[PDB]
Each structure stands twice: as C-alpha cells, then as structure tokens.
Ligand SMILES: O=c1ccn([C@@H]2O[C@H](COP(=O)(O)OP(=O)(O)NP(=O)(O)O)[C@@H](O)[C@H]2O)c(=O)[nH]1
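Shown next as structure tokens: one chain only, the form solved without the ligand.
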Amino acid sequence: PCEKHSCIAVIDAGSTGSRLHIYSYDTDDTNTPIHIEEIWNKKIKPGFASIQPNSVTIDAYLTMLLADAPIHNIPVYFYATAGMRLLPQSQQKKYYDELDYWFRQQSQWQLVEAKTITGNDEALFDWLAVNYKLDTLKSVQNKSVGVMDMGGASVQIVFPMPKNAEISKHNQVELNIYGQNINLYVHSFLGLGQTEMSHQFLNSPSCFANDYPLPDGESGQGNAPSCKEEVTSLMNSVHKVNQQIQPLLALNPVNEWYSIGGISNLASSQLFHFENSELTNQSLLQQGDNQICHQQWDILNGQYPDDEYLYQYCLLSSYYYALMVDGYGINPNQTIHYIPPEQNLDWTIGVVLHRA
C-alpha cells in the first residue's frame, strides 16, 4: 500500500482517548492529495491529557498506540484537541517534552509536528474533511457549505467568508485546494462541547424527564424551552456565541449545513423520528420536549432499558437548539444534515489535505 502511494499518520489525541489513522493517498496536478484511504487505525484509552506526564507512562502509551502498525518510516502528526486545551499550558509542556524525546529515540516514525491544535485549526480540518467526502472541493461551487462539529469538549463552526480586516486573524484561514483559493471563517467554543457543558446542568430540573433523580435529590420536571433558555444564558453571556457568530453568518449565508459529532447519536435513537440523515431545529426541540422532557422517566427507562444515553436527551435536544438557533442564529426550519458514526468520516482527513 505505501509502496505504490504516499502515506501519512495522523494521531487525534482527544479528550477520552487517542486515535491513530494511517492514510494512503496520491497527489494531483494542483499539488492536492486525492484517493485518500484509511489503511489502518488504532484507538487507546484514556485521554493523553489524563495520564501522568513522565517517561514510563508516555512510553507505555505511545507503544500501545503505535507498535503494531503495519508500516514503517512514515511522517506522523500528533495533534491534541480540547482535552489538552483545558490543561494549563505549563502542564501541556511536560507532555510534549516527553513525547518529543520518545520520537527522537526511534526510527519507524518521522515526527513532523506534535502540538495542541487550536479549536480554529480543528474547525478548518472539520470543514475540509466534510467537503472532501461530499466531493465539493474539486470545483468552484456557487453554494456555500457550512460545517458544525458538535464535540464532547468544544464545538466548532466554519463557513466561507471573504477576508475581513475588522475580524481577528485567528478566526480566518486562507488555503488553496484543487487549485482554488478559499477563505473561511473559523470559530471554536471551548467548554461548550456536550460533555463539558453538561456538567453545569445536571441539577437543572427543566433539563431532565419528569421524576428523573437528579444528583442533589430533586426530581426532573422537563421543559425544553426552559432548559434551552438556561443553556442559551451560558452560550451568549459567557461564550458570547450570538454576538460573534450571528452577524457574520447573516452577511455570509450558508446554503447547506452539515454537522459531525454527537447529533447522529441522538437523532438515531428509536425515540426520535428523522429521515434523510437530516433534521430541522424546530423538529428536534418538539420531539425532545414531547418524548423526553415531559415524559415520565421510570416508564421511559422501562421501555428503553439499555440505551445508556437516553436520560440526557431532554438536555441535549435543548442544547443543540440553543447553540444553532439562539447562538448561531440558524432558522428553526432550516435543514441540518448530520453525518453518522457509520460513515467513519474523521476530521484527520483534513490534516492530510492541508499538510501532507
């Protein structure tokens, strides 16, 4: 495989574990990768930012992740995401000093870069991965495509926008893909991913099914519009989502939205009814409110006893609506396409396109 084509390894060191992807590819006459295929992968737990940063621990982790890979003497990018961004910087440096030493002691792997990427860099890769799979990159479009990543610890949004001198340079990227210049607005909200954000709402009765036992001893008394208003306060007062995103998106409309991350998991539940791997926010909120928020929990749990995430779906439906409608300003009747787990569309494909 790496005899007849180019190969590259990308490690996604995420909040709950690290995922190695090895890709083969060819390069076309615009100096852009084509024919990108995943030829091997490996996942390890727990997250890199949760292990002790010393040589024995890092050696055992990187050995577990890399030792069995079938191929040798290829470039590697090690990119940590939001879990590492949460750590103080002085603590991050301990990991990277150990990791840099480990890669210098061997030869199977040619380390190009090991770093914590910003959420803006992650948003760029998210947009390239989705558009590669949609086959919208090889041609000038005349339809704006926007991507949202609904991640566990951060969320990303990215969409085409001409260069704007009045906007931070860190929220704008310029790249040329398949011969065409592209300008994207990028943004990430650290802490607004579903797992991290959930930690603020666990004792909010509006966000759980009726009679769900909250950790403080109180009972759920669900109401999606109430839970949404709570979540919208965190989004707009702390993260300033609407103030930053909504005016820009209004002037740079997106014709199609695609979302990666947690929405398919929710949308695929037997409790929801969505078709065409898409949803509208109005439908999402109505179905969460009727089927989970105002539902008696014991009866619901009895009908779906093995779905370990079902209890969060009043909060999650409210939260997705708060982010997309109240934060980004998307119309509640706009279609959002979501991409399933069972597509194995991974943001690391964007690293291949931009950096290989």
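Note that residue numbering follows the sequence shown and begins at 1. By rigid core we mean the largest C-alpha set that fits within 1.5 Å across both forms.
Student: Highest mean C-alpha temperature factor of the two stretches 83 to 91 and 200 to 208, which is it?
Tutor: According to the PDB entry, the answer is 83 to 91.
Student: Is the mean CA B factor in the deposited entry higher across 320 to 328 or across 301 to 309?
Tutor: It is 301 to 309 that shows the higher mean C-alpha B-factor.
Student: Compare the CA B factors listed in the entry for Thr280, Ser144, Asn171, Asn236 and report the winner.
Tutor: Checking the PDB record, the top C-alpha B-factor among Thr280, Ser144, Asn171, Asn236 is at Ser144.
Student: By the CA temperature factor listed in this entry, which of these ranks top: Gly193, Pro253, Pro215, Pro225?
Tutor: Highest CA B-factor of the listed options: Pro253.
Student: If you rank every modelled residue in this chain by C-alpha B factor, which third holds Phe78: lowest, middle or highest?
Tutor: For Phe78, whose C-alpha B-factor we compare with every modelled residue in the chain, the answer is the lowest third.
Student: Quick one: classify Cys7 as lowest, middle or highest third of the chain based on its Cα B-factor.
Tutor: For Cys7, whose C-alpha B-factor we compare with every modelled residue in the chain, the answer is the middle third.
Student: For the chain shown, is the CA B-factor of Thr16 in the lowest, middle or highest third of its modelled residues?
Tutor: For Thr16, the deposited C-alpha B-factor lands in the highest third.
Student: Consider only the C-alpha atoms of the modelled residues in this chain, order them by B-factor as the entry records it, and name the third containing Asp97: lowest, middle or highest.
Tutor: It belongs to the middle third of the chain when residues are ordered by C-alpha B-factor.
Student: Looking at the C-alpha B-factor of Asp135, is it in the lowest, middle or highest third of its chain?
Tutor: Highest third of the chain for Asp135's C-alpha B-factor.
Keep in mind that the form deposited with the ligand bound is not shown, yet the notes after this line are about it.
Student: Examine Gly262 and determine whether its closest non-hydrogen atom to the ligand in the bound PDB entry is within 4.5 angstroms.
Tutor: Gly262: contacts the ligand in the bound PDB entry.
Student: With the partner left out of view, is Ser15 within 4.5 angstroms of the ligand in the bound PDB entry by any non-hydrogen atom?
Tutor: Yes, contact at 4.5 Å.
Student: Quick check on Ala153: any heavy atom within 4.5 Å of the ligand in the bound PDB entry?
Tutor: Yes - in the bound PDB entry, heavy atoms of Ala153 and the ligand come within 4.5 Å of each other.
Student: Should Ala82 be counted as a contact of the ligand in the bound PDB entry, where contact means heavy atoms within 4.5 Å?
Tutor: Contact with the ligand, yes.
Student: Among 287 to 295, 50 to 58, 65 to 73, 37 to 45, which stretch has residues whose heavy atoms lie within 4.5 Å of the ligand in the bound PDB entry?
Tutor: Every other range fails; the passing one is 37 to 45.
Student: Looking at the ligand in the bound PDB entry, which residues in 122 to 139 have at least one heavy atom within 4.5 Å of it?
Tutor: Sequence-ordered list has one entry, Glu122.
Student: Would you mind telling me which residue of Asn183, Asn73, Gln180, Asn255 shifts its Cα by 2 Å or more between the shown form and the other one when the core is superposed?
Tutor: Everything else stays below 2 Å; the exception is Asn73.
Student: Align on the rigid core first; then say whether the Cα of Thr16 has moved by at least 2 Å between the shown form and the other one.
Tutor: Yes, the C-alpha position differs by at least 2 Å between the shown form and the other one.
Student: Using the core for the fit, does the CA position of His35 change by 2 Å or more between the shown form and the other one?
Tutor: No, its C-alpha moves less than 2 Å.
Student: Using the rigid core as the reference frame, would you say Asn331 shifts its C-alpha by 2 Å or more between the shown form and the other one?
Tutor: Result for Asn331: no, shift under 2 Å.
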